[PDB]
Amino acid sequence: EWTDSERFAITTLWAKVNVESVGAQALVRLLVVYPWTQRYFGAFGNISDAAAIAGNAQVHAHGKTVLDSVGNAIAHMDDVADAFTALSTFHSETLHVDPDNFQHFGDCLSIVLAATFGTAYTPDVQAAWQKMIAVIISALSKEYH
């Protein structure tokens, strides 16, 4: 269940998100702040220090992929669980990602949106985005059973 105000807070801010920049920034933060997450992304090469992470082209590309998927969740915001079924299964059964890391990533995304939008990321707008993040996290955690 979304309020119209929530829907608006999400789709207006989304219309101004650069998914390359925000997605790269968010994944960089994930890998620097929670560096154990580096284990899940061996394919990227050297991601073992901040400078290497921040300049890594594969990190940037992957961060964009993640933010595009957030865009998919938004387009399916009335039922993200159904839409994210395969993706959830993938992160569980192929990648074995502990679901606490989805929360870590969501935190990094909220931080990045704050940094990016400044005073425009008002408390109501943040609250709506936290709800959206929570719904994404729950959808990604679901096929853990």
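Residue numbers here begin at 1 and follow the sequence given.
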Mean C-alpha temperature factor, higher of 124-132 and 9-17: 9-17
Selected stretch [higher average CA B-factor]: 101-109 or 43-51: 43-51
Per the PDB entry, maximal CA B factor within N56, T116, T85, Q38: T85
Most elevated Cα B-factor in the entry, residues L67, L27, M77, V33: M77
